[PDB]
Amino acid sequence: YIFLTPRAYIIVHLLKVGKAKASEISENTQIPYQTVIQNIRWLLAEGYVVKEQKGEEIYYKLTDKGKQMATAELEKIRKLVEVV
């Protein structure tokens, strides 16, 4: 995690997948379970992510504010690649 934080991976995973459980995010991003949960709390607190209960499970998905933040962040990264 030199350049990127675990939140970057968590957010980017939700972009292409849409909705995902904490366990699922953890496995696909190879970020420990507890770490994912901790980061999800921050994302929820900031209004970037929202919970969606499907039966006895808890899924997560980006909000409109979360999708604009991801897009804006990815575009700034792309510019960093250009300049560098």
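In case it trips you up, residue 1 is the first one in the sequence shown, and so on.
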key: Selected stretch [higher average CA B-factor]: 50 to 58 or 33 to 41   = 50 to 58
remark   = residue 4: C-alpha B-factor third of its chain, per the entry, is the middle
request  = Place residue 75 in the lowest, middle or highest third of its chain's C-alpha B-factors, as listed in the PDB entry.
outcome  = lowest
query = How does residue 15 rank on Cα B-factor within its chain, lowest, middle or highest third?
reply = highest
